[PDB]
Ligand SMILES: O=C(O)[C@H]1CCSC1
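Next comes just one chain, in structure tokens: the form solved without the named molecule.
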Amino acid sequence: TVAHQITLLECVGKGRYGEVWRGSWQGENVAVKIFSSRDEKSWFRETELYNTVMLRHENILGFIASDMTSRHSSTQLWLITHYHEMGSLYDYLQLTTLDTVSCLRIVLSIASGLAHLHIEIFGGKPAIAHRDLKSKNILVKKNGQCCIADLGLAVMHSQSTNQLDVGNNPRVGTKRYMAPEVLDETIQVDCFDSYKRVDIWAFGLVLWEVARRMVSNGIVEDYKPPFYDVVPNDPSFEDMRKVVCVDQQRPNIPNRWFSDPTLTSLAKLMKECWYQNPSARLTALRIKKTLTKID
């Protein structure tokens, strides 16, 4: 049962991460991620998280089950979750432009999901850093809010024991979105705060991607990924470090943005996610409060 109770209907994505399928469970739409054979530790970590923690939130991909199963005479690792037909924020930002209300809805939902991850709840969940946040890791829901997915690189911290749980995963984050301290390998790995600060850096990149797609003064930019103009597709590790650490570049913020009320708040936020000093960066909770106030 659990995975034998599921019919894989159509495969909506294939990539390094493996495969994502739309499928039926009880005649219900579910997402089914089938992990690539290279990536069993991400499956194990995510199964470990969603099983040992009460991790449920509007803006976090809703867990249904994890399972092992045979197909084509080989073991497959499955993670089954709610299904969101609109797909990834990354693909959404190419299929449409945004007004002010829908841009703010999107980024605030993301900040809310991320704050919920970052914040320990007592008697309950530990603090959780995501460590691979990106537009391709964020699902758009029918109601226009988003939810965060792909918890396989997650790190946890509990105040009761003061134990940092970094797990055992050789996988590293998407290179395009790696904060400088990850690229120049100076991140203080023993301090949980360092990982929250990595999620904030990545959140600023996503915030940048979204803001760009908001119409202001009747105009809008084509979708482009962070640093699209200084690194190739599938950027390499040294590709990113030279741009981020040596040149210390940031995605460009048009000056005009500071004449638009909404874009002004957004551009101020992103700049305070990109401080090269990780301790200078806003926290997720502060981002949520700020966006909650915007109009």
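Sequential numbering from 1, following the sequence displayed.
One more form of this protein, deposited with the named molecule bound, exists but is not displayed; see below.
Contact check for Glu238: every heavy atom lies farther than 4.5 Å from the named molecule in the entry with it bound.
Residue contact check for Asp229: none of its heavy atoms lie within 4.5 Å of the named molecule in the entry with it bound. In the entry with it bound, the named molecule lies farther than 4.5 Å from every heavy atom of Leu98. Looking at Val215, you'd find every heavy atom of it more than 4.5 angstroms from the named molecule in the entry with it bound. Of the residues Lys141, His157, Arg176, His116, just one reaches the named molecule in the entry with it bound with a heavy atom at 4.5 Å or closer; this is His116. Look at 229-237, 37-45, 266-274, 245-253: in the entry with it bound, residues with non-hydrogen atoms within 4.5 angstroms of the named molecule sit in 37-45.
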